[PDB]
Amino acid sequence: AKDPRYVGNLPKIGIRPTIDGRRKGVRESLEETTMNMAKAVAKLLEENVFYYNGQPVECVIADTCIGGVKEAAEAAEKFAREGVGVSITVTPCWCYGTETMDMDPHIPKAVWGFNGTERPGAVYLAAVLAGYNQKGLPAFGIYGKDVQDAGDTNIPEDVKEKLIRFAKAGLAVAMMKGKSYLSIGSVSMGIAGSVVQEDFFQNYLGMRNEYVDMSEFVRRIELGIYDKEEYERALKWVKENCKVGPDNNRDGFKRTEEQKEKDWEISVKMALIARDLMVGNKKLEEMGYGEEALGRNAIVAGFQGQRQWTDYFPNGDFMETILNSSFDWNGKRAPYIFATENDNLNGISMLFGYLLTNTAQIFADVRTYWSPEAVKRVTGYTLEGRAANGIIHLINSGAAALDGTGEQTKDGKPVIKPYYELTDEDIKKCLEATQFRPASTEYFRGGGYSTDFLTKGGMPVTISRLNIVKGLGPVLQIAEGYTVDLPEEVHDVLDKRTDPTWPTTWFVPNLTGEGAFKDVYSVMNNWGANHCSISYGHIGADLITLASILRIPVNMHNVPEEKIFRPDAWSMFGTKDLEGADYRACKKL
Amino acid sequence: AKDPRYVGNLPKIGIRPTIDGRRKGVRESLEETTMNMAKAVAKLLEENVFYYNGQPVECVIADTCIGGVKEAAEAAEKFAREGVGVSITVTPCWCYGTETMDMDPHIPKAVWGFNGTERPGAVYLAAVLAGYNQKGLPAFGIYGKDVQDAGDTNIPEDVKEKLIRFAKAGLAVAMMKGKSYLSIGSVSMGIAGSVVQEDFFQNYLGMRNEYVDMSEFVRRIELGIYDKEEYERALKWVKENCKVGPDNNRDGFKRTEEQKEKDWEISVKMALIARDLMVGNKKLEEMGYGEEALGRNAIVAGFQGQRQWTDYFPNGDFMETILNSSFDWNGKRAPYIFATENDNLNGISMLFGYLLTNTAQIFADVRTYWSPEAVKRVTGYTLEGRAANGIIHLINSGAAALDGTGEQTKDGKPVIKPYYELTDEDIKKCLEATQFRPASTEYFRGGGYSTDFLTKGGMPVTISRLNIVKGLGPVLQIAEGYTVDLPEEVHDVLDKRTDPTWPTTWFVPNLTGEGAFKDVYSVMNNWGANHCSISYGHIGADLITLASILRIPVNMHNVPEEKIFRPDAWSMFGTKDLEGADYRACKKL
Amino acid sequence: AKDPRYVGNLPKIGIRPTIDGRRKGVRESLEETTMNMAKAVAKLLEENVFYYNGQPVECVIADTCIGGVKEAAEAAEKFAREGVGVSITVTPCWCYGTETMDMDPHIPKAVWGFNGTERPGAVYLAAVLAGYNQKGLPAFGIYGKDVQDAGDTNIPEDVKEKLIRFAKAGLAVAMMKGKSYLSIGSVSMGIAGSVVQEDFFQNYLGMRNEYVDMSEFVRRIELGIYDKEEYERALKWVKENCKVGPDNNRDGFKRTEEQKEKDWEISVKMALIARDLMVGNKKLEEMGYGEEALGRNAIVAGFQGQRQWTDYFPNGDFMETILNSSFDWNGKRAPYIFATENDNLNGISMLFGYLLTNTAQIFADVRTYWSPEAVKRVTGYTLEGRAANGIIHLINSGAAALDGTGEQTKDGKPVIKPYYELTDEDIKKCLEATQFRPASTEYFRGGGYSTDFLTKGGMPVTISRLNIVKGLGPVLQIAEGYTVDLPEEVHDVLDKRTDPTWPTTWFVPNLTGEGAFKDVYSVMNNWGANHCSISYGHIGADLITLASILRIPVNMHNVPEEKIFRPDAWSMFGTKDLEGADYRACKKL
Ligand SMILES: [Mn+2]
Ligand SMILES: [Mn+2]
Ligand SMILES: [Mn+2]
Ligand SMILES: [Mn+2]
Ligand SMILES: [Mn+2]
Ligand SMILES: [Mn+2]
């Protein structure tokens, strides 16, 4: 399938049915069973793994079973030709190890050996993984716990989980390759993550780095380099759906009605320009701006904002809010992963979660750790339930996807769904639960409008953050948990003394009684940056798998050990201490 | 403050109050609060951190709050000329990360982010630490667990503990820089720790290595190159306060009455000469020995002794005993860290503990592990209380600071206090509890006097040892525990069959049920050398912090995990296995 | 001396007179001779080495001769508080190697051993250098070729040359530490050198990285955030001294008379703003812009320009031209090293040459290599003299210091002199030889004025370029040579078909018959980027010494081997192949 926004086609998953090369007996009796195994995996993935636009992932099966090097070479040729970015080998029998291996070092690979008794399927699995390990080609091994009868096309649950987790992580990794990260502006207020380390994007993600100074926005706004028809429709939509809340700026800091109107006009134009910069806009060609029409083929971008742009122009709050949302004046659509303060590392953190779930990701500051003692002292209230051990205030400096309201609903529960699953009611509720507030001029002299909402409680979420550490390189931290509801009177008190015009999410991480998850305080004290990315759901296991494919160690996470799924080679670096083994494996391989 | 013994001034602590650079509102409203925070830290440290001479540590505060690079540069400049060797950043608000960082890579640094809600102080803390981690500049993060109201000048208890631990460790590290380790003699009886590895002193401690052959003592003794007035006073003081115990040499091994007198004369001269070599003596200049009067600017030294010197001259027991003590014929004074058998690694082990406590350190041989079964077999006595699971006999080959008697008292409890806190009673009792015994001529053919005392039980102590391992470099081990008392009848039996003329300390390490602390035997079996250093108190946490600053991994320790305080970067190398992360951070950083 | 532009004081040079520690004879007979040597060096350096403002470098001499560690420590202490950034040891006798060494690893160091026979001065030189090499502390060795008699206070010519070269290189290195590189804008048109690699600035130069988006210029222009009194004076000065040349834009590409006036207004404001960002401006504080008044303490900066800014606003040609010049509306002054297209690597290339000469540096594109055959084919003219083997066209994209005209004169020869040596005639002629041309709107849509001049021939120059290569890091290339004159008829032809509105310098590199200097073509083909920095004079030897101090290998240079002056340790890595040894020493040390 053609990628609707980026150059080229969406990555495909290649299935390699390997078989015993011996004919006049063995192979003939296994041809149908082996190919059927491949077809079963394709059906499973097509019904459980989807591209960001909602289309089912597409699989490519080798033209023949692979019993030797000649057939392996033909599969490699076919896969390269059809744009395969992930590979899965399947077999119910013994096959000739290295003669049948996928030697492409540039694609995530897994092997599923049928747990059957008649043929050495598990023997091939272990044998070929030993080859992958010996050759330095990481590969995931999948082996079911319960013996299945020959030809059983029904894939067991434990196998299903591994196949899907691998496919999703592999697809996410394949999706980033060849795409750009667009830096709009430069470093923002000395934030480490706003410094672009090209080596990381190039070598770890296979991405390109594009740059554009914010002065570009001045030129396009002044010269009208954007779709004026869309602009008028957008401005109208904002007036009809974006509710303006109370101005918290006190006299001397309040902007005029005229200024506030212009703040909206420019904020909308900024959204259009940012999007045009990321994916281009064919409308610009008929307008005489052919170069601008191309776009930077960016699957993720960031906007510096402070301090240079915001000291004079409206801030990027609305732009950052709307782009990351799953809908706007043009209807429901896939989010545009856009980072506040040009924090590219948080941008990538958001991108990981997005490519694994197809859901909008929430940019946020890890603002405050509220202990039970502190809440009691300030509000007279005793935290209860999940919040009984303390809570963490997640609140970005003014921008957040409207999806963050938690108003989207499934089975009567708060969630964030892929845009293609949104109902008209989901969207209306997200908007109705949001208030746009005039920007605090003491911080943002140029004005603008911040996003004000309160995430509904009881929603499972995962916060994550990618950091780059000297002497180590990229490193990922994860914290699964839930959002929580505080009594209205309690929230109001904690909210007013912090930043009531910004978006609030009350988070409680799952505790393990070990590592950095002994208590809620430890989770925040161990976070490695001020920012984090929030995704709906518990995707820590998916993130761990994705990280291992990228060779990025996970310094901190609260995912149950039984759910850790990494390439077979990782076990060779240690089975008692998976953390240490992860570091050793990431460096050596 | 001028260093009373070494070249230059004592290290100062610089306080960096950072602030939001935005004026016309934000900054003006935070100037006082931020600067007051800096003043509060200076106050706390001056009341809790002291130089080795008892003088409170001195702090230097930046001339202005730091909201950008210009002010950061001014702070760096002031600190450099003020002689700052440790830096602490403080702030209750958001500041511009890299623009406000302390870029000096050669000084320990910490950052305290006020846990307030009005401004993003914890956000700056995390943001700038990400900067330090990304740039490879280790820095400690201090974040209080309970939200404080804007303007609160009080420093929470958890914050105080971290600030003080960091300050003490940082000061200890700064103290060693530029100082010398003086090697008197060469390797002693093939002891690995008596081999000097200059790379360690130079690269890890920033120290210089000085050398003097023991023949120097012969020259100074023969030519009277020492303060003769002090010598005569010292001799009288020794005869009056140092009581001679029974001679344990058998018939054909006792020295004549005339020899025993000369043994005392020489032992006292050795002490004078050793001290004169370490810190110089203006008296020598007046005598016509100007070069000798300068000294070697050594904050630590060692004396080979066996086998060459002791095969003919009185041993260094008295010299090693008195120099390490907190008093002598000239009254109470700071100890002179001096290593027996020129074991420079034990000397540094002692130096670490000394610089962190200002208390005399005990040099000791890890002589014997006595299991409950062994004690029972030999004495018929069943170990009780803390000693119930076994005890370890700590006893040096004849030398030990008199402070080791444990006669010094505080609140009715046995301790070792800084010399500036000693009472005449403390000193008097230390001397009364000690007997000086004629040296065993079969080992020390030249005679001498060993130190015989029994450390009082119930005193909290910490033993430690620094080792250098090929393929790793320096590595530190720590064991917190207590001294214990045994029935006199039991002590006599164990003592008599070991070395009754030497100093005894019965030690029991705290057990953890894991690692090398599953039982008392394991603590001994895992000790990496035959020597250790004993310090009063439980300073394992302090040693751990100091070790991390020096990038020296800790291979073994029994400090509660909640008390481990290392640079923020360490967590980036692992949160589940802190030991493995320690090795990774020390190596890569 | 206080640095007139940056925080703190200018770096000082410390002189360490070492001596034999033996008294009662040896030392007393050498006290005066040794201290006089130190005074002779201080005298020589003060008369030959100057700070960028023309002030003679200041030296600090140890308070006593250094015969042991105590005195060495005192010297280290005095130097640290005196602000010494370079050290030179001097002695006419034997001294105790490691006991007298300068152990500061963060400052360039040299040792001058008097070539006298009475005492082993050259023996100390070699002995202590062995110490520096063994300890990994690079140090330069200076040994005169002709024996001098005891007491000779004269410094031989060969010794003088080494002392001065070392002092100049050491001072340049010390100057950069603590200073900032200010990035105005981001990457320009995908130029690799415009990507900022903080690790290089931090670890190799000890510099800080500051960032400001170009939208800042929009704010300051619109809000009048600059000295308006100076602005008006500057405008008049420009109209009076900067003559406008013919407009080369064709019909539908010329800007209106009104636009051309505003182009000048903006170009002048840009220059003020850029300077204000680099070093601050107290005037801004009085105006109510206190944060802006501080500046970024930047000793070097760059302006992205294309494509974002120039696609709408007047280009930075005038700003880049005037800032790099040694004069402007405020009279003669030190240049402000400013990089076109935010090429920070060329900015540093310029900074190196500037700090070594105090002379304006020329930014240039290595535009064209003109072979004798090509010139002949296009003009019918046969290249003669130095240009006989081909010439290289050096011409930046519109900006170049007016010093580049070569109109400044000394002894009837064209040169570029420090601003403090300029005569009104020099300045006047530089301006007369320059024409400011309306910018080419097809490239610079916002207008602006380019600098058009022709560098006078016969001037010795050195071009250099710093590049960062993956798997190697920073690497420097140098090419000494001369500017040449071509018949006006010939120049016109080559100039017209290239870019006649830009500044031209015709360069001819010195050939060696080997390496990348076998012919003129090879010099160009081997250049590692499209840009280079031109400095007046042959400073390759000085750059080589500076590079070795910074541990930056020199991959290409045409400096005579007899003039290569690097730390003594370099020879330990090879004496036959100095290039290979350079790479080995830079990597291992
Ligand atoms: Mn933020
Ligand atoms: Mn709200
Ligand atoms: Mn011993
Ligand atoms: Mn006893
Ligand atoms: Mn150029
Ligand atoms: Mn011209």
# chains A, B, ... in the order shown; residues from 1 in each chain; ligands from 1

$ residues_around --residues "residue 186 in chain B" --least-positions-apart "5" --cutoff "10 Å" --atoms "only C-alpha atoms" --output "ChimeraX atom specification"
/B:194-196,211-214,302-306,308,341-343

$ write_last_selection --atoms "N, CA and C atoms" --output "CSV table (one decimal), in the first residue's frame"
chain,number,residue,atom,x,y,z
B,194,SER,N,51.6,-2.1,48.7
B,194,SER,CA,52.8,-1.2,48.9
B,194,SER,C,53.5,-0.9,47.6
B,195,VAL,N,52.9,-1.4,46.5
B,195,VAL,CA,53.5,-1.0,45.2
B,195,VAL,C,52.7,0.2,44.9
B,196,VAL,N,53.5,1.3,44.5
B,196,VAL,CA,52.8,2.5,44.1
B,196,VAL,C,52.4,2.6,42.7
B,211,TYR,N,58.8,10.3,47.1
B,211,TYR,CA,59.6,9.1,47.6
B,211,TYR,C,60.8,9.4,48.4
B,212,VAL,N,61.0,8.7,49.5
B,212,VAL,CA,62.2,8.8,50.3
B,212,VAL,C,62.6,7.5,50.8
B,213,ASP,N,63.9,7.1,50.6
B,213,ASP,CA,64.4,5.8,51.0
B,213,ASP,C,64.5,5.9,52.6
B,214,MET,N,64.3,4.8,53.3
B,214,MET,CA,64.4,4.8,54.7
B,214,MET,C,65.8,5.2,55.3
B,302,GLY,N,53.4,6.6,54.2
B,302,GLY,CA,53.6,5.2,54.6
B,302,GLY,C,55.0,4.9,55.0
B,303,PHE,N,55.3,3.9,55.8
B,303,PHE,CA,56.6,3.6,56.2
B,303,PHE,C,56.8,2.1,55.9
B,304,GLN,N,57.7,1.7,55.1
B,304,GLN,CA,57.9,0.3,54.7
B,304,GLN,C,58.1,-0.6,56.0
B,305,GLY,N,59.2,-0.2,56.8
B,305,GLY,CA,59.5,-1.0,58.0
B,305,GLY,C,60.1,-2.3,57.7
B,306,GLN,N,59.3,-3.4,57.7
B,306,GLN,CA,59.9,-4.7,57.4
B,306,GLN,C,60.1,-4.7,55.9
B,308,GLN,N,63.8,-4.7,55.7
B,308,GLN,CA,65.0,-4.0,55.8
B,308,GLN,C,65.3,-3.2,57.1
B,341,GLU,N,53.6,-0.6,57.0
B,341,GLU,CA,54.1,-1.4,55.8
B,341,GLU,C,54.0,-0.7,54.5
B,342,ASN,N,54.0,0.6,54.5
B,342,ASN,CA,53.9,1.4,53.3
B,342,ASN,C,52.8,1.0,52.4
B,343,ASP,N,51.7,0.5,53.0
B,343,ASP,CA,50.5,0.0,52.2
B,343,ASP,C,49.8,1.3,51.8

$ residues_near_ligand --ligand "ligand 3" --cutoff "7 Å" --atoms "only C-alpha atoms and all ligand atoms" --output "ChimeraX atom specification"
/B:340-341,364-365,396-397,530-531

$ write_last_selection --atoms "N, CA and C atoms" --output "PDB file, in the first residue's frame"
ATOM      1  N   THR B 340      51.063   1.685  57.801  1.00  0.00           N
ATOM      2  CA  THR B 340      51.992   0.657  58.235  1.00  0.00           C
ATOM      3  C   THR B 340      52.380  -0.120  56.976  1.00  0.00           C
ATOM      4  N   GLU B 341      53.612  -0.620  56.950  1.00  0.00           N
ATOM      5  CA  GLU B 341      54.141  -1.398  55.831  1.00  0.00           C
ATOM      6  C   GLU B 341      54.011  -0.712  54.475  1.00  0.00           C
ATOM      7  N   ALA B 364      44.420  -1.871  60.371  1.00  0.00           N
ATOM      8  CA  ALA B 364      44.312  -3.209  60.943  1.00  0.00           C
ATOM      9  C   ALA B 364      44.464  -4.358  59.958  1.00  0.00           C
ATOM     10  N   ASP B 365      44.891  -5.502  60.487  1.00  0.00           N
ATOM     11  CA  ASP B 365      45.033  -6.727  59.711  1.00  0.00           C
ATOM     12  C   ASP B 365      43.699  -7.432  59.915  1.00  0.00           C
ATOM     13  N   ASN B 396      46.198  -4.908  63.919  1.00  0.00           N
ATOM     14  CA  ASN B 396      47.376  -4.555  63.144  1.00  0.00           C
ATOM     15  C   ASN B 396      48.634  -5.158  63.762  1.00  0.00           C
ATOM     16  N   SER B 397      49.706  -5.194  62.976  1.00  0.00           N
ATOM     17  CA  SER B 397      50.978  -5.760  63.411  1.00  0.00           C
ATOM     18  C   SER B 397      51.765  -4.933  64.431  1.00  0.00           C
ATOM     19  N   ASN B 530      44.772  -8.202  53.050  1.00  0.00           N
ATOM     20  CA  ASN B 530      44.944  -8.594  54.447  1.00  0.00           C
ATOM     21  C   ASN B 530      44.729  -7.421  55.402  1.00  0.00           C
ATOM     22  N   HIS B 531      44.618  -6.220  54.846  1.00  0.00           N
ATOM     23  CA  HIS B 531      44.434  -5.015  55.651  1.00  0.00           C
ATOM     24  C   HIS B 531      43.100  -4.333  55.419  1.00  0.00           C
TER      25      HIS B 531
END

$ closest_atom_pairs --of "chain B" --to "ligand 4" --cutoff "7 Å" --atoms "only C-alpha atoms and all ligand atoms" --output "JSON lines"
{"residue": "B:452", "atom": "CA", "partner": "ligand 4", "partner_atom_place_in_ligand_line": "1 (Mn)", "distance": 5.2}
{"residue": "B:453", "atom": "CA", "partner": "ligand 4", "partner_atom_place_in_ligand_line": "1 (Mn)", "distance": 4.7}
{"residue": "B:454", "atom": "CA", "partner": "ligand 4", "partner_atom_place_in_ligand_line": "1 (Mn)", "distance": 5.4}
{"residue": "B:500", "atom": "CA", "partner": "ligand 4", "partner_atom_place_in_ligand_line": "1 (Mn)", "distance": 6.0}
{"residue": "B:501", "atom": "CA", "partner": "ligand 4", "partner_atom_place_in_ligand_line": "1 (Mn)", "distance": 6.9}
{"residue": "B:503", "atom": "CA", "partner": "ligand 4", "partner_atom_place_in_ligand_line": "1 (Mn)", "distance": 6.9}

$ residues_near_ligand --ligand "ligand 6" --cutoff "12 Å" --atoms "only C-alpha atoms and all ligand atoms" --output "number ranges by chain"
C: 245-246, 395, 398, 405, 432-437, 450-456, 488-489, 491-496, 498-506

$ write_last_selection --atoms "N, CA and C atoms" --output "mmCIF file, in the first residue's frame"
data_model
loop_
_atom_site.group_PDB
_atom_site.id
_atom_site.type_symbol
_atom_site.label_atom_id
_atom_site.label_comp_id
_atom_site.auth_asym_id
_atom_site.auth_seq_id
_atom_site.Cartn_x
_atom_site.Cartn_y
_atom_site.Cartn_z
ATOM 1 N N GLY C 245 28.021 50.233 -5.768
ATOM 2 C CA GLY C 245 28.415 49.942 -7.136
ATOM 3 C C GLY C 245 27.216 49.649 -8.021
ATOM 4 N N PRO C 246 27.438 49.339 -9.310
ATOM 5 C CA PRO C 246 26.357 49.042 -10.255
ATOM 6 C C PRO C 246 25.496 47.848 -9.847
ATOM 7 N N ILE C 395 36.527 33.261 -2.930
ATOM 8 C CA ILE C 395 35.514 34.298 -2.960
ATOM 9 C C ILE C 395 34.254 33.877 -2.218
ATOM 10 N N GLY C 398 29.475 36.919 -0.818
ATOM 11 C CA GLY C 398 29.052 38.292 -0.596
ATOM 12 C C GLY C 398 29.642 39.034 0.586
ATOM 13 N N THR C 405 40.946 43.638 1.410
ATOM 14 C CA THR C 405 41.314 44.406 0.224
ATOM 15 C C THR C 405 42.825 44.378 0.052
ATOM 16 N N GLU C 432 37.976 52.745 0.081
ATOM 17 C CA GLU C 432 38.013 53.213 -1.302
ATOM 18 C C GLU C 432 38.095 52.073 -2.308
ATOM 19 N N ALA C 433 38.788 51.005 -1.926
ATOM 20 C CA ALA C 433 38.971 49.852 -2.796
ATOM 21 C C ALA C 433 37.776 48.909 -2.794
ATOM 22 N N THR C 434 36.720 49.285 -2.084
ATOM 23 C CA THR C 434 35.533 48.445 -2.001
ATOM 24 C C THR C 434 34.272 49.099 -2.551
ATOM 25 N N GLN C 435 33.431 48.286 -3.181
ATOM 26 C CA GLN C 435 32.152 48.745 -3.711
ATOM 27 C C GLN C 435 31.092 47.833 -3.122
ATOM 28 N N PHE C 436 29.972 48.408 -2.702
ATOM 29 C CA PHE C 436 28.892 47.601 -2.159
ATOM 30 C C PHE C 436 27.844 47.461 -3.248
ATOM 31 N N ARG C 437 27.571 46.215 -3.615
ATOM 32 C CA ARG C 437 26.648 45.902 -4.696
ATOM 33 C C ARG C 437 25.296 45.337 -4.277
ATOM 34 N N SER C 450 26.273 43.244 -1.171
ATOM 35 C CA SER C 450 27.454 42.398 -1.140
ATOM 36 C C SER C 450 28.722 43.240 -1.190
ATOM 37 N N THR C 451 29.827 42.639 -0.766
ATOM 38 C CA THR C 451 31.113 43.316 -0.739
ATOM 39 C C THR C 451 31.965 42.954 -1.946
ATOM 40 N N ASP C 452 32.276 43.963 -2.751
ATOM 41 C CA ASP C 452 33.066 43.765 -3.956
ATOM 42 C C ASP C 452 34.422 44.452 -3.900
ATOM 43 N N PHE C 453 35.474 43.645 -3.811
ATOM 44 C CA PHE C 453 36.836 44.153 -3.811
ATOM 45 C C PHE C 453 37.759 43.116 -4.431
ATOM 46 N N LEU C 454 39.003 43.508 -4.680
ATOM 47 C CA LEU C 454 39.996 42.615 -5.264
ATOM 48 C C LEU C 454 41.254 42.704 -4.416
ATOM 49 N N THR C 455 41.567 41.619 -3.716
ATOM 50 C CA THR C 455 42.745 41.584 -2.860
ATOM 51 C C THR C 455 44.025 41.860 -3.646
ATOM 52 N N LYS C 456 44.852 42.765 -3.132
ATOM 53 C CA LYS C 456 46.114 43.088 -3.787
ATOM 54 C C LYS C 456 47.038 41.874 -3.735
ATOM 55 N N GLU C 488 44.493 43.278 -15.431
ATOM 56 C CA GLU C 488 43.100 43.671 -15.230
ATOM 57 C C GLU C 488 42.175 43.043 -16.267
ATOM 58 N N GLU C 489 42.639 42.990 -17.512
ATOM 59 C CA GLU C 489 41.864 42.412 -18.607
ATOM 60 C C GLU C 489 41.547 40.941 -18.340
ATOM 61 N N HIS C 491 41.645 39.432 -15.189
ATOM 62 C CA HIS C 491 40.800 39.354 -14.006
ATOM 63 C C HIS C 491 39.337 39.590 -14.381
ATOM 64 N N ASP C 492 39.078 40.634 -15.163
ATOM 65 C CA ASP C 492 37.709 40.953 -15.559
ATOM 66 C C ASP C 492 36.971 39.782 -16.192
ATOM 67 N N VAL C 493 37.642 39.082 -17.101
ATOM 68 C CA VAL C 493 37.037 37.942 -17.779
ATOM 69 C C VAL C 493 36.658 36.826 -16.809
ATOM 70 N N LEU C 494 37.612 36.412 -15.980
ATOM 71 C CA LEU C 494 37.362 35.342 -15.019
ATOM 72 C C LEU C 494 36.332 35.759 -13.977
ATOM 73 N N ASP C 495 36.400 37.023 -13.573
ATOM 74 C CA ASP C 495 35.500 37.577 -12.572
ATOM 75 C C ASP C 495 34.062 37.674 -13.074
ATOM 76 N N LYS C 496 33.884 38.218 -14.271
ATOM 77 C CA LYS C 496 32.551 38.377 -14.843
ATOM 78 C C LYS C 496 31.772 37.073 -15.000
ATOM 79 N N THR C 498 31.996 34.509 -13.130
ATOM 80 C CA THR C 498 31.869 33.842 -11.838
ATOM 81 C C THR C 498 30.823 34.566 -10.983
ATOM 82 N N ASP C 499 31.260 35.545 -10.196
ATOM 83 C CA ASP C 499 30.353 36.329 -9.361
ATOM 84 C C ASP C 499 31.013 37.672 -9.052
ATOM 85 N N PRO C 500 30.991 38.596 -10.028
ATOM 86 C CA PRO C 500 31.574 39.939 -9.943
ATOM 87 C C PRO C 500 31.118 40.866 -8.816
ATOM 88 N N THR C 501 30.001 40.556 -8.161
ATOM 89 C CA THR C 501 29.544 41.409 -7.065
ATOM 90 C C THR C 501 30.077 40.920 -5.719
ATOM 91 N N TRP C 502 30.836 39.827 -5.744
ATOM 92 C CA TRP C 502 31.418 39.260 -4.527
ATOM 93 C C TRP C 502 32.918 39.583 -4.440
ATOM 94 N N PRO C 503 33.531 39.396 -3.254
ATOM 95 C CA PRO C 503 34.959 39.679 -3.042
ATOM 96 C C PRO C 503 35.933 38.617 -3.555
ATOM 97 N N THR C 504 36.882 39.041 -4.388
ATOM 98 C CA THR C 504 37.867 38.129 -4.970
ATOM 99 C C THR C 504 39.284 38.195 -4.409
ATOM 100 N N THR C 505 39.856 37.015 -4.191
ATOM 101 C CA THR C 505 41.231 36.875 -3.733
ATOM 102 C C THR C 505 41.811 35.762 -4.604
ATOM 103 N N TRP C 506 42.874 36.055 -5.351
ATOM 104 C CA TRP C 506 43.498 35.035 -6.193
ATOM 105 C C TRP C 506 44.621 34.412 -5.377
#

$ interface_residues --of "chain A" --to "chain B" --cutoff "9 Å" --atoms "only C-alpha atoms" --output "ChimeraX atom specification"
/A:188-193,365-375,442-443,467-473,475-477,494,496-499,514-516,521,525-531,553-557,577,579-580,583

$ residues_around --residues "range 87-89 of chain B" --least-positions-apart "3" --cutoff "7 Å" --atoms "only C-alpha atoms" --output "ChimeraX atom specification"
/B:13-18,108-112

$ select_by_dssp --residues "range 330-513 of chain C" --states "helix (DSSP H, G or I)" --output "PyMOL selection string"
chain C and resi 344-357+372-379+385-389+402-405+419-421+424-432+488-496

$ atom_distance --atom1 "CA of residue 172 in chain C" --atom2 "CA of residue 532 in chain C"
19.2 Å
